[PDB]
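What follows is a short report on a single structure.
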2 protein chains.
Amino acid sequence: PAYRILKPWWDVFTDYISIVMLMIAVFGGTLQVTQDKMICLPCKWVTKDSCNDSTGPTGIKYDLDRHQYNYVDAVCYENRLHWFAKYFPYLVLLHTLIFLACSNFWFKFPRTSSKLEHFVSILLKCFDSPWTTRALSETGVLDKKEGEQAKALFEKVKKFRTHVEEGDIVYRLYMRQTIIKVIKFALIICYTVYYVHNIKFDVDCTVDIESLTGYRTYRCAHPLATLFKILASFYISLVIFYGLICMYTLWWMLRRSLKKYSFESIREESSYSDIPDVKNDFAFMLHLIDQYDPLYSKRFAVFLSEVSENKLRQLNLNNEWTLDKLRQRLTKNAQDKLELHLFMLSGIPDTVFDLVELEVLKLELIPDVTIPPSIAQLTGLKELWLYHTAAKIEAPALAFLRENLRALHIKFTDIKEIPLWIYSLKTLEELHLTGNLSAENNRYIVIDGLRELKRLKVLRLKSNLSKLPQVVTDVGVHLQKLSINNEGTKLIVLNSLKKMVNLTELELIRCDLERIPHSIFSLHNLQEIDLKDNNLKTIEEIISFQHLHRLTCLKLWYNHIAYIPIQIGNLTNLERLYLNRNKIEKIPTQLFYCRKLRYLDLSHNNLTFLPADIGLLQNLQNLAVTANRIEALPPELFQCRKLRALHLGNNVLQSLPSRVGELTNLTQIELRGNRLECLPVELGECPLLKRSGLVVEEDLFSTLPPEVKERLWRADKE
Amino acid sequence: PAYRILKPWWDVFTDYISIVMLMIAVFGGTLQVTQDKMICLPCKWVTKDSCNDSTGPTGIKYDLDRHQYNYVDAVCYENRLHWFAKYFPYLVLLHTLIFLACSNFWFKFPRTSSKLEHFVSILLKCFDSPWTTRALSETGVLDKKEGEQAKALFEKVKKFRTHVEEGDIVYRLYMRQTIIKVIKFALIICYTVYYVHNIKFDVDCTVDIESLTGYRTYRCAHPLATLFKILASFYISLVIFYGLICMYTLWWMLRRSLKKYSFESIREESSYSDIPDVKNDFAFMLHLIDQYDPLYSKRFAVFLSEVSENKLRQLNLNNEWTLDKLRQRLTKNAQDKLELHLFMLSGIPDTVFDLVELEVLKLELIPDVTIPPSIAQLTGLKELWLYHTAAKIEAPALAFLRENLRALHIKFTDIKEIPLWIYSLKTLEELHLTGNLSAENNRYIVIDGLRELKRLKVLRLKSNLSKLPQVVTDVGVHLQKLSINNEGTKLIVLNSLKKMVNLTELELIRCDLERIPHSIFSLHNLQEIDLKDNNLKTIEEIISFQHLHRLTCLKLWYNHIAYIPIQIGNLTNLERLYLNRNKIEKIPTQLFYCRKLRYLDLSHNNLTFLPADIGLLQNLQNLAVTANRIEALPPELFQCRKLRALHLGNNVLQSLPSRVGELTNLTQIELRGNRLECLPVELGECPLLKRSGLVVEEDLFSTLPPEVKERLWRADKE
């Protein structure tokens, strides 16, 4: 009932033959025990120890008692009867017992019985499971219990295959059994056929007992000799059949090299082309199964396809990730949109396509995943972020992304990681490419699809472009933003940056320009310009920067600018400025002639003084001079009545003048790290300054009057 | 334990006959073993080696010992008794064992045992399924798992049919078993009938043993001969019955060609004519079941019919989407009409036709659906939407569609999936085509049937067409509204718009025209014209637009329009003008002669100040200058009394004049992004202004007077 699957036709035939042999043995034994008498009549004329057959006919007088006849019969039966006639039932019993022992050797040997039982259990589990049925049907909806059962079955199959493939004990044990059976059959046939002629009805007895009966030789009849001969002939025929069956088994084991299973037909007909071929000690068991039924091997093959594992994992992650877990995983990014982050997942769960409130989706390391058509359900989806993930798409999904998606973020490290269908997404407007794409004589060739992005407005190219692609220059005629981050790689434009007339913004970070090209001056639509991390040394080209009519901002932080050019104040259009973390030695008053200035940082500079005209910028609300050599705070600086926040910390400023409290728009002050003695009393009269905005050292905050402390704490808490 | 179903009645009769034959074999064998002695008396006078048969009578003295009598009996039993008389029970036992082995060959042969057990297991699983009961009762809502297991049963039945139909091992094996039984019966009856005549009570024995007893011939008696003879006659009769049953089985198996099955009663009493004929290796087992009883075959044939599978799969789907949940999913579209969408469904539920009040029906990604006649019930249906859903149709459904529809939405990714019967419709007013269709050597051939619509009024095209089709020009003689979306690809017209004399509204979306074609001006009856995102810079052709007197609304936004020509003031008929997202920097003074303007859009442009002539446009209500360079709000703007919308966000607005309260009709305004330090007191006197209509910073909202804040809160609350 359990191992019957492992018994082919030859095994069951041999079992039935052994049963018949046991019946023959017991019948012969009980027949011999019940009666096996001899009937002996003495020879009156004895020659060569056998009588020569030398009014009406009359009987022969022997003058022998019945007891003497019984004694003669017993003596002749014990002595002159061939051992084959006396021991045939016991010999056939022994032979069939040894045959049964050989047959059950592997079943009763633990070192192989455990493997056989485990294989039977694994095959039954793979056959009766419902997952294999749908796996064959597919050539998706699944239950959690079914998913966990299938996962357990897959791991059990893998561990069992790993354990069994290196054994190679069942095959050689079966070979030994077959060889033993064949040689035993041969020897039994030879000896039994040669000795079956030694049992006969007429047997001549010469036991040499004349002191008790007086006769030398006796002619004895064996009444059951014919029946025993018939039984022996029938047993010989059964042994011939058994040996022919064993020889068929031996031929079957030495014809196709059962150490190897090709497994090609099952994998090719089931579309599971990547099914590895079975090695030794596991191909033999599958050969036995095929002899029994190929259907079990067919149902078991789907657990070794290297694809059904991926499908089962995808279904399991679909089932396990509930909607509530994803809702708890929802995040609001800096742009105030519902973000759902997926990281370290083999595939995209299908449950994420149930929350239509998703706005920005980030995918990171999602290998070999295909975009499901269910993406059309997420109407509110706006941003798709791919991190080192080469994913496939479907026609309905492609159409939905072409007609709904607006922003795409791409982080990659190889050409194959860039989906080819991103070009057809014509509603895409915000693009973020992160990853090297420069190639030797192949650069910017597969990137000709940028023309298709008609609605592209926001572009970010991070590929260490030592050469600027001409396709980007041609497509910039409708772009509005372009931030190129080369990670310090030098930027070469070969006079191709003046063609993007509609480029409203231009950012050059880590481009290592070392000097401002003249093509920036042709960007009359420019409003915010930055050369951060370009190690710029001179910015005197602000003279030619005057062409930019609507240039409302200018950032030059994190550079080697040694001084502020006198021409920078002539661009009255400038409103926001970033000049901190530079090597500026002194600040000329020329810059302070752009009275609409509102953003200006001078932190982490070698400045040791503050000019007089700093207070003439009444629109300024951000003063960041953190970690400077400024040691005296000028009273004229306090004229900026609209200075919401100022940063003075880490400086060498000795004290804060009393004019700080004259500002009612103050909200935040950064003062930690200064050579300050005590905060002024006037600082506590600011209606909008609180402890959140008043960040200073512990002792400096302790220098304030207690009423100022309690007012600040009450304002901050309530 | 009900494996007997595969055994017909004749198999049971043969098994019982074999049991009786085995019983009589055992009886005869134990009788012969226990007592089979022969009693022999020598003939004093012998003629022809036979008994001569020739103061009162006295017994004849033979002078023979009892042991000599026993020897004579044994030698006569060995030699002169016929082998059939001695070995009748053993031959009967051997033949009975051979018959049982033949009967149980296929039952125990693993190669066909697997097929038999799989067939009986599938039959028993099918029999207990409530699916069969429901199908029979069809001549009604159950558990979902019942439908799941029904589909699993259907799939496994199909797989088993595909597997077993290729083998053909059970029919040939059964035929060979029957042939072996018949030939064995013939041989056994021949030899037994021929040799039964030798079972005689008296047997003439001439063993020729003179040196032992001294008599030539003997006259033996077989006391068991009569019982053996009657047992032999009984066994002959049983063998005759067995052979007759075997001949009947052979005739039944060699007359109807069991390699094929009819399956004709199902398509008559149930009209399930989709069941194919069953070929070998499956028809044989079905015939055996029919021999048992045809009920199992009848209740199992339904699983081979795909029509029953489809109908009860649809029934399961209807059970999945109940009416209450269907109406829960029922919503209202953007046109305030009842709409229902079906996404990622295997088929269209029948329950969707319960609600006849639907007007818009969305069918997206519903594979291989045929439009049923049940759509005729939904007389109120007006719009049917197809999103990548290839749909087949029937005559009544198409008849209902041709006279009870308003608009049709067709979204496709491939040419072959669009329905072709759409052209037969005549009640259709709006047709929505979505998907690129242009190809070479078959250009614009799929939509050649668009001319069949003689009532087509509004045409909406999403096909990315390089050139305007001639069929569009042919069908435009009666159109009213045209919406073209080239997805940013440049469109070539070549004077192909003047043929649409009755066209009312012309819409060109993402056509990348870069220049307005002159055929637009020739449509004197045009009402609304759009050039949405067509890379237009100059619109000076308005001199030609002056031919269009009834151009109430002109849409020229999402383009690169640099400056508005002064000739736009000639078109005083403009009422709704969109000019946002353009390079427009200033409003011409002549534009204000168009006093009919009511909707003006200028957001996200280079506007810096508003002309003083804006106050003369009293008809204006909606104004949008969001994200511009507006330094301050002009005073003359406040005299436009019925301005219901003023979008001034993301500007550089500094001071808000107190005259905002003069706009009693002002409802919607925003102050985000504008550096407004303070607010006037008249802002809270406008009845139509509410807190939800006031988009302002929370602290700047607190800057409102507390009475004004309470008034705005009261307005917002109710």
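Naming scheme: A, B, ... for chains in displayed order of the structure tokens; residues 1 onward per chain; ligands 1 onward as shown.
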
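All chain B residues having an atom within 7 Å of chain A, based on only C-alpha atoms, amount to residues 44, 45, 62, 63, 64, 71, 74, 78, 109, 110, 111, 114, 156, 210, 211, 212, 213, 214, 215, 388, 413, 487 and 488 of chain B.
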
Go ahead and dump the residues you just picked, C-alpha atoms, as a PDB file, in the first residue's frame.
```
ATOM      1  CA  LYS B  44      -5.715 -67.225 -12.038  1.00  0.00           C
ATOM      2  CA  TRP B  45      -6.630 -67.801 -15.699  1.00  0.00           C
ATOM      3  CA  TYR B  62      -3.405 -66.867  -4.033  1.00  0.00           C
ATOM      4  CA  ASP B  63      -0.672 -67.470  -1.408  1.00  0.00           C
ATOM      5  CA  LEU B  64       0.211 -63.766  -1.510  1.00  0.00           C
ATOM      6  CA  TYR B  71       3.100 -53.750  -4.012  1.00  0.00           C
ATOM      7  CA  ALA B  74       1.152 -49.486  -5.966  1.00  0.00           C
ATOM      8  CA  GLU B  78       1.817 -46.103 -11.069  1.00  0.00           C
ATOM      9  CA  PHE B 109      -0.216  -5.257 -13.858  1.00  0.00           C
ATOM     10  CA  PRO B 110       1.174  -1.891 -12.670  1.00  0.00           C
ATOM     11  CA  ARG B 111       1.331  -0.217 -16.093  1.00  0.00           C
ATOM     12  CA  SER B 114      -2.151   2.922 -12.527  1.00  0.00           C
ATOM     13  CA  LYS B 156      -7.806  17.366 -13.935  1.00  0.00           C
ATOM     14  CA  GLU B 210       6.730 -62.303 -12.023  1.00  0.00           C
ATOM     15  CA  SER B 211       9.872 -62.514  -9.873  1.00  0.00           C
ATOM     16  CA  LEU B 212       8.044 -60.669  -7.062  1.00  0.00           C
ATOM     17  CA  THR B 213       4.482 -62.060  -7.004  1.00  0.00           C
ATOM     18  CA  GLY B 214       4.255 -64.708  -9.726  1.00  0.00           C
ATOM     19  CA  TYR B 215       1.086 -63.569 -11.526  1.00  0.00           C
ATOM     20  CA  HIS B 388      -8.114  46.536 -24.752  1.00  0.00           C
ATOM     21  CA  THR B 413      -3.024  48.143 -28.574  1.00  0.00           C
ATOM     22  CA  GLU B 487       0.899  62.499 -28.997  1.00  0.00           C
ATOM     23  CA  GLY B 488       3.428  65.208 -29.872  1.00  0.00           C
TER      24      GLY B 488
END
```

| task | Please give the complete set of residues from segment 185-421 of chain A that DSSP, run on the backbone, assigns to helix (DSSP H, G or I), formatted as a count of residues only. | result | 111

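Residue-level DSSP output for segment 108-318 of chain A, from the backbone, shows strand (DSSP E) at residues 202, 203, 204, 205, 218, 219, 220 and 221 of chain A.
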
For the residues selected in the previous step, produce a file with N, CA and C atoms as an mmCIF file, in the first residue's frame.
```
data_model
loop_
_atom_site.group_PDB
_atom_site.id
_atom_site.type_symbol
_atom_site.label_atom_id
_atom_site.label_comp_id
_atom_site.auth_asym_id
_atom_site.auth_seq_id
_atom_site.Cartn_x
_atom_site.Cartn_y
_atom_site.Cartn_z
ATOM 1 N N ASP A 202 10.453 -47.157 -9.336
ATOM 2 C CA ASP A 202 11.181 -48.394 -9.090
ATOM 3 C C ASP A 202 12.592 -48.079 -8.614
ATOM 4 N N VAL A 203 12.880 -48.417 -7.360
ATOM 5 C CA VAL A 203 14.194 -48.211 -6.765
ATOM 6 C C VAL A 203 14.661 -49.533 -6.168
ATOM 7 N N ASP A 204 15.876 -49.944 -6.523
ATOM 8 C CA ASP A 204 16.448 -51.187 -6.025
ATOM 9 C C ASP A 204 17.158 -50.926 -4.702
ATOM 10 N N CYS A 205 16.775 -51.674 -3.671
ATOM 11 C CA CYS A 205 17.300 -51.499 -2.325
ATOM 12 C C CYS A 205 18.244 -52.644 -1.984
ATOM 13 N N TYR A 218 16.335 -56.043 -2.120
ATOM 14 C CA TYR A 218 14.903 -55.805 -2.185
ATOM 15 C C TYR A 218 14.595 -54.850 -3.327
ATOM 16 N N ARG A 219 13.462 -55.079 -3.983
ATOM 17 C CA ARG A 219 12.924 -54.158 -4.974
ATOM 18 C C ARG A 219 11.797 -53.368 -4.329
ATOM 19 N N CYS A 220 12.008 -52.067 -4.155
ATOM 20 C CA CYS A 220 11.068 -51.201 -3.464
ATOM 21 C C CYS A 220 10.347 -50.306 -4.461
ATOM 22 N N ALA A 221 9.079 -50.029 -4.179
ATOM 23 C CA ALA A 221 8.275 -49.124 -4.987
ATOM 24 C C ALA A 221 7.986 -47.861 -4.190
#
```

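Minimum atom-to-atom distances from B:675, B:604, B:532, B:457 to residue 477 of chain B were compared using only C-alpha atoms, and the lowest value belongs to B:457.
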
| query | To one decimal place, how far is atom CA of residue 496 of chain A from atom CA of residue 521 of chain A in Å? | reply | 12.9 Å

| message | Can you tell me which residues surround residue 11 of chain B at a distance of at most 12 Å, considering only C-alpha atoms, apart from same-chain residues fewer than 6 positions away, and format the answer as a VMD selection string? | response | chain B and resid 4 to 5 17 to 18 99 to 100 102 to 104 174 178 242 245 to 246 248 to 249 288 291 to 292
